[PDB]
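Every chain is named by a letter (A, B, C and D) in the order it is written, and numbering of its residues begins at 1.
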């Protein structure tokens, strides 16, 4: 009956598109929160009018007070920095972001614990796989109520590139990128299908070659960098990805999506967050799916988790 | 710019739902044709009013003249009988339909050749794999411009049942049923994925058993009969399935869908229509996808094709 | 988070389309209830498969027990007869329906009181303005939680016909038909706009004439009869209209819709249900809007209410 | 069948949201064109991935060459400046934009005439009512194939503000703001309706007062300024508005929308563009609607057109 209340903790580039999309889908009431005075109210005022064009009925208001987290059903955290100062577009790496972004999670976690402990939480702030757990530790929310953005966005790239080469509906391509969001992303060739058919079949048929696939792989891992060098840290697709995830929770869709979640033994790991297929429903994370990886694949997973494990010690 | 013109050749149970769905999706102008006097004009009047509730702008008119096929962009043929005089609901079989519906194809084909030779055609009339080729022969349209309903409907059942057992979004289950629509339908266990993951992984995990899967199989094959025995020849899912197909042609979606199409050597067969994955886009059938079947799977394919072959001889 | 639970009390022609539309819009879980054995389980099985084609996640099950009303969020009552034994299609009149459908309301009301006292209820069963108050009396629900189908359906016809004549989007025509659903329906010329512009301006411009408008009026009033005479009691538009209403409650849309509601002094009447603009939101009927009618318009209102009053006495 | 080809001539803030929205609605293939090297390709790459999340199939590519206008079905012109240099947020006025924006139209018109003379054109660049005609003069396209952004955006504000005060679905409020986009906007109190009911009725009922309406009026005329002072020149709602207009053309919706169009006698004016209700269909502007204004209202219209007429002489 009541509309879900959605709090965008951070109203920069991603938060802007997220608000637009939420109204388009009439998904819930929106608070656009930020540290920067004024900006949020303006983005919110602008976004609010689209209610007419979209046949929607969602309030959109800006905020500068953590008090607006009260009674939140969904909280989305994009608070932080894209770049590190003194670095050039070339040297862009998500790693160099522990610097300006670690403290922010501590703060935000405190307020969440006090204002909306029953909310479902999605963390985006880089380096996500580390930040997600930090926020989880400070917010006190249950393990099934917090996830980080990753697979959905990374696979959307791989899915889309394959679809262009094969000339089919992008949604018709399925793929899995697990372990961690970042340069050690694990792309699983064996788990790629097109129209439900193993990719190998298309290679045997010479519709696509192993090399063009490898090319596509490279382009997938380095896409954020390619975009950073062309314009700025990606924000449109990140937005759609997060919202596909939020929507699955709010509408209880029970979609299978690859998100950063807490491992309790899966893949032989514990006390850390890693990307893997999950099911997002109205109870939050309904189920975590463990891919039955082979020897070589496990090795890759292990390496990505170590990269997350290493930065963790950096605080 | 102009709206597509869609002609439903047959306006019974399936035609009724198709028209409703077309207005919902603002998919194109609709002519509801039938030989029964007046009935279609009423269904059409009723349906036209939903343009208001759906924010659409599609005309819906009834017809009793083949003249209305003129300039059609899409023609959907459901004309015929759902079952067979002197027959009980328990002995229901789409095969006893050669009696009831052969001649109708010849008549309709002639008018199509005359009024809309460039239309995309979808045949539903059972037994579909035979009927579609008959309409193909008398209408004269190119092989990439005509398909029969089958896989989309059969897999929706298999996908749905599995999804109930696994507790995931039904769209997240992918599966293939090929060869023929009917009792000899080929259900390919090896081609089933959930969230892009091989079904075998969920069986290994004890999420679903081989036995439960086989039961789901029997259910899938006997679904039409189960519904006939509870109410009547199924028509809501058949309609949605057809519209998914028509929509992919009208909007140039390029979805991979399993439909009855003319085989020119694939799977070792020719001069006959059989169900297989294919791509539907703005040009019609953009590509036929031949599954690289193993020896066991090929055997079953050939048995389904043989049933189609047998009925074809009954002329 | 949880999906709304929707119970269709009656699963004939209108119930069938309602269930289809609910899946299309992923609006909630559906129970298709009826007294006819087996029929609803079949319609429900058929309908459930469309979850795949529609990217939805709504359960659809049949029922023959009032037990399934338990915890319903929305209940829609279509239970009854569409016409009347020994009567011809030409003498069709929603009034001869007191015979056919009074007692059914008492029975249903009792079970509602027992199983789902907090549900939002929509009555369709003709003659609706009488039936809705009967169900209101026996079910015990609050006045803001029960309405009858009428204005939304009647105006969709008037809006559509005008839109055809003027060549505009049907949603761009706005109009009001109040008082009662039936032959005494009050069509208010003064309250007609096109793109927010008074209809009179288009008449002054010679875009439509007074005569054409009056013809459109006769058509609007006699639409059900025209369709009965061509096919059967209308059900596709009635269904879309009901779902528009249910959707505005479930998604908290706060749309202004004309429904049958309990009058407590508005228009000079009380202790009776009559059609008038109202707002449907998450709380149910959020506000009843009383049109500031002139002397001529009031006269007509009173005549419609008197017809409802007369039939009420036939107990 | 084929997808519409849509060229965004200008890829700044508005162009960015427009591309996002087009993919969401699967409305057509997109070229994101601009003078600034690199930026466009990046925004395009980013936007392209959302195809997966949105079930869409639209190509999104960047461009720096006017050659990409070839075969365009829709061209949208946002090319230019928001601000004037040396001016503060306080002194922001759309007038001070003849400066940096006039020449741009000449250029773009030449290419349009040579690359896509059959396209439908929407102009946004401020001051729109002047720029639209300039572009019309240089492009040579027919009067029914070119319009400027105005009413839709300005009314969305008025509609939304009224809806908040009255607590109804924003789409349920209808209003007209004609003459010119800018500080002399003509807000027509007499043409405001809520749920199709004259606003006066709600004032008589004391649901809203004349003063709060006047307040709302002020806020409507100064909204861009309020947003400019809070963040930046509005871009989200502008985007949705333009796209509602584009969509009506591509899907042949025949919606009634207030856009800047060429007057040939209407309201007693000629050889100039002014905002007024129009119908946008697949032939472009199907009809221009002349509001039958009264003496006071005409005076206001005349004043807004003079403001457009004055700036025209400024070149």
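Just so we're on the same page, a residue touches a chain if its C-beta (ideal position, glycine included) is under 8 Å from a C-beta of that chain, and two chains touch if they have at least 3 such contacts.
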Distance between the CA centroids of chain C and chain D (whole Å) is 38
CA centroids of chain B and chain C: separation to the nearest Å works out as 34
Chain-centre distance (mean CA atoms) for chain B and chain D, in whole Å, is 43
Multi-chain contacts in chain A, i.e. residues touching at least two other chains, fall at 55, 57, 169, 253-254
Contact graph of the chains (line, ring, star, complete, other): complete
Checked against the stated definition, the touching pairs are A-B, A-C, A-D, B-C, B-D, C-D
Touching chain D in the complex, chain A uses residues 16-17, 19-21, 24, 38-39, 41-43, 45-57, 152-153, 155-157, 159-160, 163, 169-171, 173, 223, 226-227, 229-232, 234-237, 240-241, 243-244
Seen from chain D, its contact residues with chain B in the complex are 1-4, 26, 57, 73, 249-254, 282-283
Contacts from chain A onto chain B in the complex sit at residues 55, 167-169, 172, 174-176, 191-197, 201, 204, 248, 253-256, 277, 279, 281, 286-287, 289-292
